[PDB]
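# Examining the three-dimensional arrangement
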Amino acid sequence: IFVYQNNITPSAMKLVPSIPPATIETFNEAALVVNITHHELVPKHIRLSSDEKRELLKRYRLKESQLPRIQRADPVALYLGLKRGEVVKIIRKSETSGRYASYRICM
Amino acid sequence: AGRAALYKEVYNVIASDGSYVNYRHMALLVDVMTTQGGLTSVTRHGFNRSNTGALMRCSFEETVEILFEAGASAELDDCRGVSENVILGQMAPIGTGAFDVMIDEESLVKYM
Amino acid sequence: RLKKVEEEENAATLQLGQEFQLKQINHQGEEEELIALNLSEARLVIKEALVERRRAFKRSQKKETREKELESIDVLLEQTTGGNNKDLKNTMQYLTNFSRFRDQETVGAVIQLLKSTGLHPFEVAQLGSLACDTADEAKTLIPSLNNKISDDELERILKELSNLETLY
Amino acid sequence: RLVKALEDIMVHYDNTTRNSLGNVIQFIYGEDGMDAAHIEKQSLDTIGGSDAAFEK
Amino acid sequence: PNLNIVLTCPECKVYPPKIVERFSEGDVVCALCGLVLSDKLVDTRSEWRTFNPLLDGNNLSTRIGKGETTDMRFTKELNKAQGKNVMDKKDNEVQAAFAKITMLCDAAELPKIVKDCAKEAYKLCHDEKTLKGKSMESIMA
Amino acid sequence: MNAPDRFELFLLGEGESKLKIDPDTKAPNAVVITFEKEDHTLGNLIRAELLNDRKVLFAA
Amino acid sequence: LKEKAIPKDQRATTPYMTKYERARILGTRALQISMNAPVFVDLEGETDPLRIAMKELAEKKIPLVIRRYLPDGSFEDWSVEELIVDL
Amino acid sequence: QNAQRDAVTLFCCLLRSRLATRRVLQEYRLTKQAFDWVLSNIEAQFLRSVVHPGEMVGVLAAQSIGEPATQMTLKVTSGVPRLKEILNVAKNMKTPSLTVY
Amino acid sequence: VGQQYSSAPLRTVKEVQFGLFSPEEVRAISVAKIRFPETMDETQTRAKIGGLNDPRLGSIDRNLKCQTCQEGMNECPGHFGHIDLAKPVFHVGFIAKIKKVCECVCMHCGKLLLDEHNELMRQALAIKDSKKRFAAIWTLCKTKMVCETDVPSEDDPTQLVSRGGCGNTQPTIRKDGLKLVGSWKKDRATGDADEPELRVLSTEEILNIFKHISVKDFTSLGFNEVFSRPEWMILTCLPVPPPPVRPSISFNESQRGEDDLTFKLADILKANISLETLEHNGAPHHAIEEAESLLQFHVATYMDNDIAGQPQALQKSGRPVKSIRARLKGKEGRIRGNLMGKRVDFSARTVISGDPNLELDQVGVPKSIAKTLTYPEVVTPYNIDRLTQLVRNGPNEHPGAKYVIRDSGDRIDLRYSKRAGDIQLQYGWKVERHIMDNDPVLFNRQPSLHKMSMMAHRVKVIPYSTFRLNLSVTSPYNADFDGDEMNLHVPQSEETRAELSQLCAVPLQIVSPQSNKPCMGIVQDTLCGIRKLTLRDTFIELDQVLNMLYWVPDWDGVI
Amino acid sequence: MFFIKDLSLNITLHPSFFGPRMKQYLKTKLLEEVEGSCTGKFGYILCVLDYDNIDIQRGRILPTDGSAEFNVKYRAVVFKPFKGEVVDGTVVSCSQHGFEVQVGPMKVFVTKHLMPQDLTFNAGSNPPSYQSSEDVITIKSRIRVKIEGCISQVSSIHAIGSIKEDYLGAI
Amino acid sequence: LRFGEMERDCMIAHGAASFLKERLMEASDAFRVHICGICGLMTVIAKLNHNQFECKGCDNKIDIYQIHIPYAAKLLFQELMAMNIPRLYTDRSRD
Amino acid sequence: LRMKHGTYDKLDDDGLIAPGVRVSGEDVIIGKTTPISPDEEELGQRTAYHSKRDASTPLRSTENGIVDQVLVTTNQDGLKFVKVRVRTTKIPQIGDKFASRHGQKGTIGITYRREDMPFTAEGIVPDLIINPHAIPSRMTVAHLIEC
Ligand SMILES: [Mg+2]
Ligand SMILES: [Zn+2]
Ligand SMILES: [Zn+2]
Ligand SMILES: [Zn+2]
Ligand SMILES: [Zn+2]
């Protein structure tokens, strides 16, 4: 986890994607002065293990691309720190059943 | 939160007068407009430039240009779409089309 | 798809057609080798199928002497099926005219030999459907066979097949 | 424009709201699987009142 | 060969068949028999109600000017670039003489019938050694 | 074309009766009658005077 | 590939025959009864094929089975006897 | 199983609120017989009330949003142009207001 | 007619696949070798010259020909012909794509500018939907107007390893008019080399260099080699469509008035022969450029006339010639007006009025309309007598038939039919008969906006021509009787009748799905009357109540 | 030459034949539209194999018509007319420019150019006999003909042949 | 009469797909053709007096099907080919 | 050739119809004949059937009036140029549309005779009755004032 006061020169961020499998993540304090998830329009987000994701695919008979998507550059995606090919279960407070489940793919 | 705010906005507009429509229709509109990871206006280009059937996509007034793109990219159209099945004249898998009607020799035997 | 010309002649130097090639798969998923047939073997199995389906109809309404056999299976054929099979009459006339063995047991012994030899199926089926006793003359007839088989092995199989089969 | 954009959405026998390509729009339909008609504006009888009135 | 089709009722055959047209149904019926012959007729009057090539000849006439959905400079470019094939055909002379006799007939305030008849008269001969020039005035007059 | 004119307005039943006698099946001793080529100018009169009679129970 | 179908058990689709196949099977049975196919229950002077089909459904003798397509391509089957007709 | 349980939360909560035992005994005075009757009717109706599979929800929704947009009217933007903007974004403002609590 | 039964296996269309034509494909499938710009009236009568208009393609009418495949007119689908161009020409549907790809590849080497060694374009190649990959490649290869043989050093530690073919330089292409110019700055003089080669790139050299591209380069650029090739993307040999696409309208006063597309094709072939004679004879190299420009211009015009507004290219008269894009554009150009919606048959259209003596599922239809419309029935044992009687009626009184259809594709018209009492009407036939009562039928009001306004009805035939419907159903149709007009739609078979009656009928659509309250109701007069009747201060006596009770139809007979 | 393979057929059934006993009815229909038939892919279709345990088991009602579609899988015997090898056929009819040999089911013809020029053909024969030593065209007429090529078309099978080889025409 | 887009749409909303197809064929075009089973084109010459179905260019006499189509769609394919563009494959090849 | 079934009997020797006669829906009124030449006009590609290719003008397919005031006079340049006129009576029916001077457009529902039309004490039986609900929402006071 790396936090910068202000701008990063590209020379100091060209080699961020070096040394796999170690991953480096960047953040502004301005982007971190307020917790995003505590906003009431943002529902609960949780992470899926690869096993239960595979279970989900086998149950709903999808193939891996028919899920609704979510950007890598999304704020909640960056908050969770997930990467490509991961599934986020979303619990939001519906109005016709109260509690409702949904999933997204980080592609 | 984007789609929640959007649903709030559309409900506000359509409920300023002439309320109300049921919730589920509005929710479906919001969801099909937001199910790409990002906002997608229903324009001549917005939802139209998806990986969707060339025939329905040329049913929406960018016709010869999008057919040229389809011919150049040489892609295949799956014909699971209503418009495709209409312009090809087959019964779409819709409502009454959503299944098949299969004979049963076994029950035919059993009911002399 | 690419209009896929694939010009191909049918001969006996393993020059076999695609549409009837060797290794297919049957509908249950098991591998389906090509079934090529001998003339005398076909002469047997048409009779086998005819007696089997005739006894099948005998159960249905319940619940090798060629001069008699051709006309008898003919009247069995117009018992149920139509009289349009004049060409099929020509076919079993051809079978009884040029099939190398009239009797079943010589054919069965030849196939019992060939199941141990493991020869090429279409090659030996063409040989069996042919009715000759001269290997070198057969090689002059078909230069494909002339190029493929040695004459010594061809005659060493041909004589031990020729002594068994009913000469004409 | 709107009706052109929302044509092929279908409820399927798996109770999912899919497009032509099978992309999932709603997982359970409408978050309830309940129809368009058989719905009335009947009232919840637990929200209101006092705590004391409720337990009474 | 001649590729030709004559209608004939295959159950009456008594003549070149006395049939009729049911235009409001687009069908033809053997009137003696009553069996339909062919269906889905094609229109024969609304096509005229919707809205001279023979005088102008086999080559196809073109009145080309300027349009509306283009710039005036591009219309001038169109007028300059549209004059690249005025010498291959003899039709250039045909409509040249047609324009000349149009000027002469409508200067003589003549009927359109007279104009077309003069067009026909020029078109009929239009090229011969019997013509042999004569300053075009002799032949046009 | 087959749109009826005013000939059928009052000319009695051509190849037809003047009235039908059909028994009801919902109450004891009830008959429906179908007059035709007539209207209010006879029906109201018959109903009113028949109702004026006392032995009947229903007339409409 | 892998038979693209299902055993009759663990069929995870509702047992309530719904309106679209209601209409479809009524129409089909109407058409066979129209084209002089064998009827499968007695008649009482009614001549309308559609009503004939309606009664024939009402006492549950339809010689048809139905095939529902899951979105992948795998399919269940059901016998029109084993459904329930309530709507 | 989890989805089915979480899909009927509101309805079962309402059902529990109605058929609380103090309420049914005090207000309604059921019998055993009529109690069984009302249970069976609720079950039967609710199962008749589920979405029939295989019908065009999208077209239904589109028409149900489209037609009351026809009978709708025309500081702050509203009405037809606001609906066009928010349905056609078009990241233009004309009222970029934001409420602050 | 029986439509001339064929033993080909009837199957349905499940997949459709696009692409382009290779010139050998079009030359193989073509039948004719159209060469004469004149079309019709060779001497000058009929049986037209062997140029356009069926030597061996689609016939005109009443002649069997269709290149001797004999389907009269109404079964021959037309048969393609083709012509040969002197020079290759472009495609207005691919002009910008040609510009982008000629930017993309190096000419004279015919290979990609960037080759799996910049990691950025490596991952650009990795990412693919189908064409965002192509656009990424294009925007990464805008630069470096010199082609190279050995760029990569940092793929290795520092080793400079050669992959490239030519060290040549690329221009900067300026799109202009209907052609392409280059500008090779090239920066390799003794000085700065400020000499851009303003050279118009030949279609021939673009075709050759496109022929010199790799298959895997096609896949990178998003071309399918079996269906889509950049050298197929240049026009060389041009198909023509048969006259069923472009029919002579046969002007129906005395003349033909023969049509627009064929005029344009005659223009094309004229310019073609002009160019080739000018080439074959003395070519002074200053008519060649404009002659080929005119040829390319005219084929571009025939393809599209909706281009950037430098030409307009109109014919006689001042109406501009419509091209295929104009034929296929929105608002009734062949897609929104002939496929997605169309004219139909079996329909009617009158005006409407109220009636409080029809219940909701009923509709009143004039006898004239029910005499015009019809509906077939198949002859069963059950309906044999009734259909026999109804045929015996004839087509003039109302409950009668119009056509009889035998088992083969026969239609004996009952109108002429002097043996009308002599048809014994055998089984398995179709009798096509008038609308009887309570047949299901569909009902419409323009403009339809929501799920209602297509609802079904039973039919009660009424006199005095106009439609007739119950007052309660008025507001779903949204139709006062100020002079509005409806539409009728008669179904034609058992399936469609059944599903129409079981879905689109009114009484199972009382509750509006759009707003979960019923859309019906009772309205003005009966509403006022029902409040008037339901008041504590009013009363009824015996005779009135008897008549009202008899007016209730299901009244059980107890007072 | 004759072949054995599992083969598939698709068959329509009219709704009038929806009686209680249709399985053997379909078996009968399979019999008279498999036996005695010709195609291009498989040639002359001779007869069926595996009469028992046949594979139909299920059928779909066509949408627009009450016809029910069925898919039938079956073993059978057909004929495959090859090209380029010898058959000892029989000749029934003849022409002026060659004889027409009926090698079993089809009628293969040999053109007057496809016969060897040194064959001593005499036109004054009934049938016109293209004989040199022994191959006189008779009712039997066992002639060793080699199929140059059985040209495949729509389901009407035709072949061409010649006797320009040693022991070709000669048995 | 007219059967426009909106009428099509609300018929979709009902779901009477067979009625919709019936209205799009029988009330209108209903044309028959033959397509090449290999080209996927409509060039098939069909001598119906002789059951001959040669497809020149493809050069086969076997893989032929007849389909049913709106005539306007047939037309649209004709000028789409005239634009130098549409293979019409009779079954699945993706699964 | 291919002339219609209009039953040309109503015409006369000069190819016109006479004024004052009645015409049904399908009666022709004008007779025309093709003067071409060159078509091999009575010697080729047709039998005799002399030179017609008939261009006759039938009446409109529905209405049925009476021919009134037919004139012929040459056109601008001199031809034979014909105008006819037909006259029809149009009794009101159900569907016809009437309106006030206040935007109360509407049509006839059905009709009644007097003996079941409502009637006032002096016996003034009304011509027509419109519903009261067209008054308040249309707000058409001046209609009432006019009455
Ligand atoms: Mg698609
Ligand atoms: Zn006849
Ligand atoms: Zn043809
Ligand atoms: Zn290069
Ligand atoms: Zn082909």
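Residues numbered from 1 in each chain as written, not as in the entry; some residues may be left out. Chains lettered and ligands numbered in written order. Part of a larger assembly, values for the part shown. Heavy atoms only, no water. Residues with missing side-chain atoms left out of burial classes, pairs and counts.

By the method listed in its record, cryo-EM, this PDB entry was determined to a resolution of 3.7 Å.

## Considerations on the coordination of the zinc ion (ligand 2)
Residue and element names in this part refer to chain E. Rules: Counted as donors are the N, O and S atoms within 2.8 Å of the metal, or 3.2 Å for Na, K and Ca, while water is not among the atoms, so some sites may look incomplete. A four-donor site is classed as tetrahedral when every donor-metal-donor angle falls between 85 and 135 degrees; four donors are called square planar, and six octahedral, when trans pairs exceed 155 degrees and all remaining angles lie between 65 and 115, with any other arrangement labelled irregular. What counts as a helix is a DSSP run of H or I of at least four residues, what counts as a strand is a run of E of at least two, and both are numbered from the N terminus. With a 1.4 Å probe rolled over the protein chains alone, any residue whose accessible area is under 20% of its type maximum counts as buried; one over 50% counts as exposed, and the rest are partly exposed.
Surrounding the zinc ion (ligand 2) are the protein donor atoms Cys9 (SG), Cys12 (SG), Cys30 (SG) and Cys33 (SG), at 2.3 Å. Bound by four donor atoms, the zinc ion (ligand 2) shows angles of 99 to 123 degrees at the metal and therefore tetrahedral coordination geometry. One chain supplies every donor for the zinc ion (ligand 2), spaced along it as C-x2-C-x17-C-x2-C. On the criterion of sequence distance, the pair formed by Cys12 in the segment before β1 (19-22) and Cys33 in the loop between β2 (27-30) and β3 (36-38) is long-range, its members being 21 residues apart. Residue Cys12 is classed as partly exposed on the basis of its relative accessible area, which comes to 25%.

## Concerning the coordination of the zinc ion (ligand 4)
All names here are of chain I. Distances from the zinc ion (ligand 4) to its protein donors, namely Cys106 (SG), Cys109 (SG), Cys147 (SG) and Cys166 (SG), fall within the range 2.3 Å. Of note, the donors binding the zinc ion (ligand 4) are all from one chain and are spaced C-x2-C-x37-C-x18-C. What makes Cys109 partly exposed here is its relative accessible area of 21%.

## Comments concerning the interface of chain B and chain H
As a reminder, the rule being used: Contacts are assigned to residue pairs with any non-hydrogen atoms lying within 4.5 Å of each other. As used here, buried area is the combined drop in accessible area, with a 1.4 Å probe, of two parts when they are placed together. By salt bridge we mean one thing: a side-chain nitrogen of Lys or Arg within 4 Å of a carboxyl oxygen of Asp or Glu.
Contact residues are listed per partner, giving 16 residues for chain B and 19 residues for chain H. In total, about 1500 Å² of surface goes out of reach between chain B and chain H, with carbon and sulfur atoms giving 71% of it. Among the residues chain B hides against chain H, the three largest losses belong to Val13, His25 and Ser41 of chain B. Together they make up 31% of the total. The tally of links between chain B and chain H comes to one salt bridge. A salt bridge links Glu9 of chain B to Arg82 of chain H, with the shortest nitrogen-to-oxygen separation between them at 2.4 Å.

## Observations concerning the nonpolar core
What counts is decided by this rule: Remark: nonpolar core denotes a set of buried residues (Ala, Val, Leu, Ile, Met, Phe, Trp, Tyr, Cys) joined through side-chain atoms within 4.5 Å.
Of all hydrophobic cores here, the largest spans 219 residues; its most connected members are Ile83 and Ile98 of chain I together with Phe99 and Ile163 of chain J. Among residues more than four places away in sequence, those in contact with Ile98 of chain I are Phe90, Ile206, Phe210, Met233 and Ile234 of chain I. Within the second largest apolar cluster, 30 residues are counted, among which are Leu6 and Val42 of chain B together with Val11 and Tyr29 of chain D.

## Points about the sheet that holds strand β4 (residues 69-70) of chain A
Strand pairing within a sheet occurs via backbone hydrogen bonds; the two strands may be parallel or antiparallel. All names here are of chain A. Note the cut-off: In this analysis, strands are considered paired if DSSP registers two or more bridges between them.
With respect to topology, four strands assemble into an open sheet ordered β3-β5-β6-β4, the strand pairing being mixed. Every other strand in the sheet has two partners, leaving β3 (44-47) and β4 as the edge strands with one partner each. Where strand β5 (residues 87-93) meets strand β6 (residues 99-106), seven bridges bridge the pair, whose relative direction is antiparallel. Opposite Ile90, over in β6, you have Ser102 as the bridge partner.

## A closer look at helix α2 (residues 17-25) of chain K
The element α2 of chain K is extensively covered by neighbouring structure, given that nine of its nine residues are classed as buried. Residues of α2 of chain K that are buried: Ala17, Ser18, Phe19, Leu20, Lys21, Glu22, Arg23, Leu24 and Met25 of chain K.

## Quick notes on the sheet that holds strand β4 (residues 87-89) of chain K
Within the open sheet, the three strands sit side by side as β1(B)-β1(I)-β4(K). Their pairing is antiparallel. Since the sheet does not close on itself, it has two edges, and those belong to β1 (76-77) of chain B together with β4 of chain K, each with one partner. The pairing of strand β1 (residues 15-17) of chain I with β4 of chain K spans three bridges and is classified as antiparallel. What sits directly across from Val16 of chain I, in β4 of chain K, is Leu88 of chain K.

## Brief notes about the interface of chain I and chain K
Facing the 82 residues of chain I at the interface are 64 residues of chain K. Carbon and sulfur atoms make up 58% of the area that chain I and chain K hide from each other, which totals about 6900 Å². When residues of chain I are sorted by the area they lose upon contact with chain K, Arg11, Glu15 and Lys342 of chain I head the list and together hold 11% of the total. Along the contact surface separating chain I from chain K lie two salt bridges. The salt bridge involving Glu5 of chain K is made with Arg336 of chain I; its shortest N-O contact spans 3.4 Å.

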